[PDB]
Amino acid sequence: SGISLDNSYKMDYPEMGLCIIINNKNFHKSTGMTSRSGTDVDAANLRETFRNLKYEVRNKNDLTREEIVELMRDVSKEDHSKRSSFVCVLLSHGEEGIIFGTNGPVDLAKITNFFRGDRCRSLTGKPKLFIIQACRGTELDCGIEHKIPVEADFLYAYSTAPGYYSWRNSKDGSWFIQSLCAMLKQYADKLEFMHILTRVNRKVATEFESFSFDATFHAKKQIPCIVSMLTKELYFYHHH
């Protein structure tokens, strides 16, 4: 055949792959964590968005830290041979490097490690996308007017910069997930995924600002944070 290029991930396996959505809304009283109003709006938006991208979506609600780890361990031990990619969306409270189960924290690295190139062989060489709506600290943005690496082929789409709070609207859903679904809906059949996420960055950065009766939390801004260890371009569509 003619000249070939391989700059983009193969996304025409029989299945796009799993989209695991962990939606933690209600937390055990003893943790002292507030209920995350608006997160069901996020979970429903994501389910529909990834459904239309032909992901096999699994929604899970209010999982303990133990249930989160067991779920991700079990998913990582499935046969993904016929799947193009893997997507996991985490909706919860968080801190830098951490997301909360309903009863306590989970290290993000513990979750993602299950899918390392050497630990989930049927996903080796395939894009593994972790989408994280959770705080990464308490900073507020005031704004201004042979082998491959085991850590290769991961993408972490963080809702916010390192060290910063992340914003969720109780009526509309989180700024980041709102924006992400909107840009996927509009551009998944047109743009490469980094360029989609870049539009998400701009949407969140320009179109949202917090409103609070509390001066400390009022008029604040947010920028999401794309972390890519991908080795190829990612298009959700394929040719034929």
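Numbers for residues come from their place in the sequence shown, where the first is 1.
The gap between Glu145 and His146 holds 10 or more unmodelled residues of the deposited sequence. Per-stretch averaging of Cα B factors for 18-26 and 5-13 places 5-13 on top.
The PDB entry reports B-factors from which the mean C-alpha value can be compared for 34-42 and 192-200; the larger average falls on 34-42. Each of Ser85, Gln133, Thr124, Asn113 has a CA temperature factor in the record; the biggest one is found at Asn113. Sorting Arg73, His93, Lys128, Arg168 by the CA temperature factor given in the entry leaves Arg73 at the top. Sorting the modelled residues of the chain by their CA temperature factor places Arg65 in the highest third. Placement of the Cα temperature factor of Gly97 within the chain: lowest third of the modelled residues, per the deposited record. Remark: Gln186 belongs to the highest third of its chain, ranked by C-alpha B-factor as recorded. The entry lists a Cα temperature factor for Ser179 that places it in the lowest third of the chain's modelled residues. Remark: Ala109 belongs to the highest third of its chain, ranked by C-alpha B-factor as recorded.
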